[PDB]
Amino acid sequence: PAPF
Amino acid sequence: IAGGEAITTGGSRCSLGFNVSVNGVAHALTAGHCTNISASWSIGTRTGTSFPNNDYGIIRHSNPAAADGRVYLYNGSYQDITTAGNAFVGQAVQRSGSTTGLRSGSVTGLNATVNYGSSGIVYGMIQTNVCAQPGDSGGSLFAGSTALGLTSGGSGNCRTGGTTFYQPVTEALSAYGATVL
C-alpha cells in the first residue's frame, strides 16, 4: 500500500 | 470549497477532507502526508500536521467564506455534513476525492496497521473495499451526513478495484479541538  | 475537492501546494495535489471550526475559526482537515509537504496551500496556511503514526493535518482558511460544510458528490450536487462518527464493519460508505470523484463500498476492518515502506507505518486505520488513486488523499469518507474519515492510502485503483485505508476523523477533531461544520 502507498499513501494517496 | 467542499469535502473531496482539490487543494494544492506548488505542484502537489490532495483532496480536502472536511471543513471544521476551531473556536469559531474556519479550518479544513486533510491528510497528514499532505500537510507535511508544505505550510502554504491554495486555501490557506497549515496550522498542524501528524504523519506517519497518524495521517491528519489542518489548514486555516484564508477565506472563511469558503468553509463549505458539505462534501461534493462530483455530479453537481453536495452532501450536507452535520456530525462526525465512528465507522463500523459492514457500514455502507462513500468517498469523495479529486482524482476519482465519488465511489462507494463498505468498511471491512478497523484499527488496521498500514506499512507504507519508506513513508512509515500508520496505525488504527479504517479499512474499506473502496477504490482510490493518487490525488484522492485527505478526501472525505462519510455515510450520509456523518463524517467518518480522511483518505490515507491503499492498493489498486478504480479500474480494478483495491483496498483503501482512512484516518478516523474523530481522532483528528479531538487533536485540534475542532468540530465539523
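Since chain B takes its numbers from Swiss-Prot, the residues it shows come out as 117-297.
Header lists the method as X-ray crystallography, 1.8 Å.
Cβ from N, Cα, C; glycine included.
Swiss-Prot has this to say about the protein:
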{"type": "DISULFID", "residues": "B:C130-B:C150", "note": "disulfide bond"}
{"type": "ACT_SITE", "residues": "B:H149", "note": "active site, charge relay system"}
{"type": "ACT_SITE", "residues": "B:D171", "note": "active site, charge relay system"}
{"type": "DISULFID", "residues": "B:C247-B:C274", "note": "disulfide bond"}
{"type": "ACT_SITE", "residues": "B:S253", "note": "active site, charge relay system"}
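Shown here: features listed in Swiss-Prot, placed on the structure.
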residue: B:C130; record: disulfide bond; contacts (Cβ under 8 Å, 6+ apart): B:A122, B:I123, B:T124, B:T146, B:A147, B:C150, B:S214, B:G251, B:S253, B:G254, B:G255
residue: B:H149; record: active site, charge relay system; contacts (Cβ under 8 Å, 6+ apart): B:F167, B:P168, B:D171, B:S235, B:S253, B:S268, B:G269
residue: B:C247; record: disulfide bond; contacts (Cβ under 8 Å, 6+ apart): B:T216, B:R219, B:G221, B:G270, B:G272, B:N273, B:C274, B:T276, B:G277, B:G278, B:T280
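Contact with chain A, taken as any Cβ pair under 8 Å, is found for the recorded positions B:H149 out of B:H149, B:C247, B:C274. A sphere of 10 angstroms centred on the C-beta of B:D171 (active site, charge relay system) encloses 37 other C-beta atoms. The Cβ neighbour count for B:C150 (disulfide bond), using a 10 Å radius over every protein chain in view, is 32.
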